[PDB]
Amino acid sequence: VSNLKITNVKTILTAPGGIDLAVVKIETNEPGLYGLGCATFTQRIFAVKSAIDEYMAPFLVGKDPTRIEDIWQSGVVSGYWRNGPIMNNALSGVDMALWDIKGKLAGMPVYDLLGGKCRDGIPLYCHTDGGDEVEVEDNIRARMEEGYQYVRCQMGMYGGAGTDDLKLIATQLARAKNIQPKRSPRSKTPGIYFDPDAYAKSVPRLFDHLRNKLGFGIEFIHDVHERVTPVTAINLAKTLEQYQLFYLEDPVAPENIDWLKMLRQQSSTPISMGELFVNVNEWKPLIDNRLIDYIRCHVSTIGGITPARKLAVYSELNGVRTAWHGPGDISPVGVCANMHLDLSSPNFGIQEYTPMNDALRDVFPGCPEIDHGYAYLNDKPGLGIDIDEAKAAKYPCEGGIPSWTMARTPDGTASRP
């Protein structure tokens, strides 16, 4: 296969799981040979589509798709300004599709191009929630019955607020029932109100209950989701040491990463950070200084497999493990990309997993097999995943803007959500 060229780049917007996704398909001049990539930044899908269709398409047409790194390095600087979530997702859609094409050319899964299997299956964690400790407990028992050996445990999702916004995970979750928030001022500006201090106090109570009822064999994760002041998060990490979490996630905002210096002087609770990261200057000081135990980047939002590989290696050499973002707002193509990285990384930590519905499996043939808390990738070439464009059209994106991201503390302050 010589004189290989990119012929077309297109964006497919689809929501079979009830959450807006963006997927890139790159066609070549070799009949039947194409690649797929994930560009899912769900809150800005139309702007990602614009970045792909108006900019990436004329940048790529006619170029040899074999040169993944050169295309990545030149694409990243093509607009001069860079290091942002919309830009990165456009590059990710392209980059993953190129890895997909290379694996097809090689007759090899991407995990094989990257050095082959380092494990026999991919251990997963899934989410459990509830309005009180008993409901959280009940949900964890149901997941344990299914074979999950790791679970994230929240009571009232993030900051105890729950969610009524279907744009987040396509399902409503109850506010924490028994958290007594502070009284607000006499008129309130609209928002999703939460009480960071009432939330913080509830977390150790939740884990005390769960450990009493469920024991210490089951692995537990909790996500702070940047909801409290940094000293509150530090105190939280210290009080949770006794409950031996697999990790405590996002104790600080990316804008407050310096505070992890203080956190790591005091606490030995394992820490994860980074689903929000878009810049090397966010993650590099954390990893260089061993201020986290797991890196959490959303692969498409850091620009695809090419940069994720590099992050996985940088973390490896510093004893930091991977925990790629696995929410509902990631396409099955991105779930595959996370998993090809997972299977080939010596320093894989865990794979967050949001279970799919039948519509997702139908629109995307080749979804990883989930069997008793482990994921098993098929051994098909490239990413081992495909998209049925006609079936995708049955689930048009809803578009619009989320409501959950307007988070206000009791006095009405707009807060990092």
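The first residue of the shown sequence is 1; numbering continues from there.
Participant: Which has the higher mean CA temperature factor in the PDB entry, 204-212 or 320-328?
Facilitator: 204-212 has the higher mean C-alpha B-factor.
Participant: Higher mean Cα B-factor in the deposited model: 45-53 or 345-353?
Facilitator: So the stretch with the higher mean C-alpha B-factor is 45-53.
Participant: Highest Cα temperature factor in the entry, among the options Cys118, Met273, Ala337, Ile179: which one is it?
Facilitator: Of the candidates given, the C-alpha B-factor peaks at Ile179.
Participant: Maximum C-alpha temperature factor per the entry, among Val61, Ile26, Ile385, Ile370, belongs to which one?
Facilitator: Highest C-alpha B-factor among the listed options: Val61.
Participant: Ranking every modelled residue in this chain by its Cα temperature factor as given in the entry, which third contains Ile6?
Facilitator: Middle third of the chain for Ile6's C-alpha B-factor.
Participant: Split the chain's modelled residues into thirds by Cα B-factor; is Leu91 in the lowest, middle or highest one?
Facilitator: Answer is middle: the recorded C-alpha B-factor places it there.
Participant: Quick check for you: using the entry's CA B-factors within this chain, is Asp165 in the lowest, middle or highest third?
Facilitator: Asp165: CA B-factor falls in the highest third of its chain.
Participant: Report the third (lowest, middle or highest) to which the CA temperature factor of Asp250 belongs, ranking only the modelled residues of the same chain.
Facilitator: It belongs to the lowest third of the chain when residues are ordered by C-alpha B-factor.
Participant: How does the C-alpha B factor of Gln265 compare with the rest of the chain: lowest, middle or highest third?
Facilitator: Tercile = highest for this residue's CA B-factor.
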